[PDB]
$ cat run.txt   # compact mmCIF, C-alpha atoms and all ligand atoms
# COMPACT_ATOMS: atom_id res chain seq x y z
CA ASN A 701 91.66 178.06 98.08
CA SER A 702 88.95 180.66 97.48
CA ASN A 703 89.50 184.19 98.93
CA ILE A 704 85.87 184.71 99.94
CA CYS A 705 83.57 182.79 102.31
CA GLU A 706 81.52 180.19 100.48
CA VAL A 707 78.39 181.12 102.47
CA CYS A 708 78.31 184.95 102.61
CA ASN A 709 80.71 185.72 99.74
CA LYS A 710 82.74 188.21 101.87
CA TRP A 711 86.46 188.31 102.69
CA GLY A 712 87.66 188.43 106.30
CA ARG A 713 89.19 185.86 108.68
CA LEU A 714 88.69 182.64 106.66
CA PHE A 715 89.44 178.97 107.42
CA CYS A 716 90.36 176.94 104.34
CA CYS A 717 89.25 173.39 103.58
CA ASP A 718 92.10 170.90 103.09
CA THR A 719 90.21 168.71 100.64
CA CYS A 720 88.58 171.26 98.39
CA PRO A 721 89.13 174.93 97.55
CA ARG A 722 86.25 176.40 99.68
CA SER A 723 86.81 178.74 102.55
CA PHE A 724 84.65 179.86 105.53
CA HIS A 725 84.26 182.38 108.19
CA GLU A 726 84.22 180.64 111.57
CA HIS A 727 80.47 181.01 112.29
CA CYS A 728 79.35 180.83 108.64
CA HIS A 729 80.40 177.16 108.47
CA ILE A 730 77.97 174.79 110.20
CA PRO A 731 78.98 173.37 112.58
CA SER A 732 81.36 176.32 113.54
CA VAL A 733 84.90 175.73 112.24
CA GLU A 734 86.62 173.33 114.61
CA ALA A 735 89.54 174.62 116.86
CA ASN A 736 92.24 172.18 115.85
CA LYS A 737 92.13 169.32 113.25
CA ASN A 738 94.86 169.35 110.56
CA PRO A 739 93.74 168.39 108.04
CA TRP A 740 90.25 169.92 108.18
CA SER A 741 87.49 169.01 105.78
CA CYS A 742 84.40 171.25 105.37
CA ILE A 743 80.79 170.11 105.38
CA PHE A 744 80.68 169.93 101.62
CA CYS A 745 83.55 167.35 101.69
CA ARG A 746 82.03 165.44 104.62
CA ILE A 747 78.73 165.09 102.73
CA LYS A 748 80.49 163.91 99.60
CA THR A 749 82.26 161.23 101.68
CA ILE A 750 78.93 159.84 102.98
CA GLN A 751 77.70 159.49 99.38
CA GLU A 752 80.92 157.84 98.18
CA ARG A 753 80.95 155.39 101.08
CA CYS A 754 77.32 154.36 100.33
CA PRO A 755 76.43 155.01 96.67
CA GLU A 756 73.00 153.43 97.24
CA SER A 757 72.20 156.38 99.59
CA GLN A 758 71.48 158.40 96.38
CA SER A 759 68.65 156.15 95.21
CA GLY A 760 65.26 157.77 95.61
CA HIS A 761 63.51 158.01 98.93
CA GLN A 762 59.98 158.83 100.14
CA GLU A 763 59.85 162.08 102.19
CA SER A 764 57.70 160.35 104.83
CA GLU A 765 60.49 157.85 105.50
CA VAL A 766 63.24 160.55 105.58
CA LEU A 767 61.32 162.63 108.13
CA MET A 768 60.94 159.71 110.61
CA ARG A 769 64.66 159.08 110.69
CA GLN A 770 66.40 159.53 114.00
CA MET A 771 68.99 162.27 114.20
CA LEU A 772 72.06 159.96 114.24
CA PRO A 773 75.44 161.58 113.20
CA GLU A 774 74.84 161.31 109.47
CA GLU A 775 71.32 162.83 109.56
CA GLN A 776 72.57 165.51 111.95
CA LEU A 777 75.18 166.40 109.34
CA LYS A 778 72.77 166.40 106.46
CA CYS A 779 70.48 168.81 108.33
CA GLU A 780 73.48 171.04 109.17
CA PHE A 781 74.34 171.14 105.47
CA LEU A 782 70.74 171.83 104.39
CA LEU A 783 70.69 174.75 106.88
CA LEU A 784 73.98 175.95 105.48
CA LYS A 785 72.57 175.87 101.95
CA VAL A 786 69.80 178.25 102.97
CA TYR A 787 72.31 180.64 104.59
CA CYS A 788 74.24 180.61 101.30
CA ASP A 789 71.38 182.58 99.66
CA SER A 790 71.62 186.33 100.42
CA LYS A 791 67.88 186.47 100.97
CA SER A 792 68.34 184.38 104.12
CA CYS A 793 69.17 187.67 105.89
CA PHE A 794 65.44 188.31 106.23
CA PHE A 795 64.93 185.05 108.15
CA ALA A 796 68.18 184.86 110.21
CA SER A 797 67.35 186.78 113.36
CA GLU A 798 64.32 186.96 115.62
CA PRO A 799 61.47 188.73 113.89
CA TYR A 800 58.81 191.05 115.31
CA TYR A 801 55.28 191.73 114.15
CA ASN A 802 53.45 195.05 114.12
CA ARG A 803 51.56 195.60 110.92
CA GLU A 804 48.12 197.06 110.41
CA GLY A 805 45.69 194.32 109.62
CA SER A 806 47.94 191.38 110.58
CA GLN A 807 48.55 189.39 113.73
CA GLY A 808 52.00 187.83 114.46
CA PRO A 809 52.38 184.01 114.33
CA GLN A 810 51.66 181.84 117.35
CA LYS A 811 55.12 180.25 117.07
CA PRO A 812 57.81 182.48 115.67
CA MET A 813 60.83 180.77 114.18
CA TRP A 814 64.05 181.97 112.61
CA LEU A 815 67.25 180.44 111.13
CA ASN A 816 69.52 181.31 114.09
CA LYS A 817 67.11 179.60 116.40
CA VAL A 818 67.24 176.44 114.23
CA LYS A 819 71.06 176.77 114.17
CA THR A 820 71.14 176.79 118.00
CA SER A 821 68.65 173.95 118.25
CA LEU A 822 70.86 171.78 115.98
CA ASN A 823 73.93 172.77 117.91
CA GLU A 824 72.32 171.80 121.23
CA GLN A 825 71.01 168.44 119.73
CA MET A 826 67.37 169.37 120.43
CA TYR A 827 65.95 167.52 117.44
CA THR A 828 65.50 163.73 117.80
CA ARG A 829 64.25 163.19 114.24
CA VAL A 830 64.64 164.86 110.82
CA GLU A 831 60.97 165.81 111.07
CA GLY A 832 61.68 168.28 113.95
CA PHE A 833 64.22 170.19 111.91
CA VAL A 834 62.18 170.19 108.73
CA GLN A 835 58.97 171.36 110.52
CA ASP A 836 60.80 174.35 112.07
CA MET A 837 62.40 175.29 108.72
CA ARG A 838 59.05 175.14 106.91
CA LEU A 839 57.42 177.10 109.72
CA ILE A 840 59.79 180.05 109.07
CA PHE A 841 58.38 180.46 105.59
CA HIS A 842 54.79 179.63 106.41
CA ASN A 843 54.72 182.27 109.21
CA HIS A 844 56.11 184.82 106.75
CA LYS A 845 53.47 184.07 104.06
CA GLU A 846 50.67 184.26 106.54
CA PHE A 847 51.83 187.60 108.09
CA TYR A 848 52.63 189.53 104.94
CA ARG A 849 49.39 188.53 103.20
CA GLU A 850 49.13 190.39 99.90
CA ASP A 851 52.23 192.53 100.33
CA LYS A 852 54.66 191.64 97.64
CA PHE A 853 57.18 191.03 100.45
CA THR A 854 55.57 187.59 100.82
CA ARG A 855 57.56 186.57 97.76
CA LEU A 856 60.80 186.48 99.79
CA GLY A 857 59.28 183.61 101.80
CA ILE A 858 58.41 181.76 98.58
CA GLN A 859 61.86 182.30 97.20
CA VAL A 860 63.81 181.15 100.18
CA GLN A 861 61.43 178.20 100.78
CA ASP A 862 62.16 177.05 97.18
CA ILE A 863 65.91 177.04 98.01
CA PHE A 864 65.23 175.03 101.07
CA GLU A 865 62.97 172.52 99.33
CA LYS A 866 65.28 171.91 96.32
CA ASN A 867 68.24 171.38 98.62
CA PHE A 868 66.15 169.05 100.86
CA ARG A 869 65.28 166.90 97.80
CA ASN A 870 68.94 166.83 96.74
CA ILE A 871 70.57 166.20 100.13
CA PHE A 872 68.19 163.53 101.31
CA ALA A 873 67.80 162.04 97.76
CA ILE A 874 64.01 162.27 97.61
CA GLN A 875 62.52 160.23 94.71
CA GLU A 876 62.01 162.52 91.72
CA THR A 877 58.36 163.02 90.65
CA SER A 878 56.24 165.08 88.20
ZN ZN B 901 80.93 184.11 105.76
ZN ZN B 902 85.82 171.00 101.40
ZN ZN B 903 78.01 149.92 100.47

$ encode --input "run.txt" --output "structure tokens" --more "lines below"
Ligand SMILES: [Zn+2]
Ligand SMILES: [Zn+2]
Ligand SMILES: [Zn+2]
Amino acid sequence: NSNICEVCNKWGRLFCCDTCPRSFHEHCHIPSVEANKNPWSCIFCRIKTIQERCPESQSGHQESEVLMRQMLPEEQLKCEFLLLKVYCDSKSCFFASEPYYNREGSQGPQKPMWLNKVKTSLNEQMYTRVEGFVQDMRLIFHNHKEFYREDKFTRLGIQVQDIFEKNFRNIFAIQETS
């Protein structure tokens, strides 16, 4: 197994996957690494199993249909993985914790949002459809763009949103377009 966390690329107290070489800190994995279970399979393995059990699940889908899906176990998992994929980028540090807004010439957003809040909301099963999760994720980046205006710092929102969106298309097998 790897000697660094797959998500944050640091060493420390790591839990190893039994079915692939990845390793995780406890609260870097999503959901948090489970107490018992031997063997244990990580989220990457669990997602691969879904695909292998239903190869047709990788045929293209319309985003509008994906968003209206109910958060049953498999969609719950897919959202957990998509969230994990954003945490895997180091630039997620800017969006992880609760932000605050005091900048000359800007007003803070009406509905602040951050990745740890989405993490908790998933953990507490507060989303009933994929749409709920996706709207909150997109809101993180949209609030950032709007607040930072012409500051070049706005680019961090663009960058991390692109990671999100690419992984969304991959995980939920959105029909490729030009
Ligand atoms: Zn980690
Ligand atoms: Zn694994
Ligand atoms: Zn089948």

$ residues_around --input "run.txt" --residues "stretch 733-746 of chain A" --least-positions-apart "2" --cutoff "9 Å" --atoms "all atoms listed in the file" --output "PyMOL selection string"
chain A and resi 715-720+722-731+748-750+777-778+780-781+784

$ atom_distance --input "run.txt" --atom1 "atom CA of residue A:721" --atom2 "atom CA of residue A:747"
15.2 Å

$ residues_near_ligand --input "run.txt" --ligand "ligand ZN 903 (chain B)" --cutoff "9 Å" --atoms "only C-alpha atoms and all ligand atoms" --output "MDAnalysis selection string"
chainID A and resid 752:757

$ closest_residue --input "run.txt" --among "A:834, A:851, A:714, A:869" --to "residue A:783" --atoms "only C-alpha atoms"
A:834

$ atom_distance --input "run.txt" --atom1 "atom CA of residue A:833" --atom2 "atom CA of residue A:704"
28.7 Å

$ closest_residue --input "run.txt" --among "A:843, A:770, A:703, A:835" --to "residue A:809" --atoms "all atoms listed in the file"
A:843

$ closest_residue --input "run.txt" --among "A:706, A:789, A:798, A:775" --to "residue A:825" --atoms "all atoms listed in the file"
A:775

$ atom_distance --input "run.txt" --atom1 "atom CA of residue A:803" --atom2 "atom CA of residue A:819"
27.3 Å

$ residues_around --input "run.txt" --residues "residue A:814" --least-positions-apart "2" --cutoff "6 Å" --atoms "all atoms listed in the file" --output "list in words"
residues 795, 796, 797, 798, 816, 817 and 840 of chain A

$ closest_residue --input "run.txt" --among "A:772, A:767, A:705, A:786" --to "residue A:867" --atoms "all atoms listed in the file"
A:786
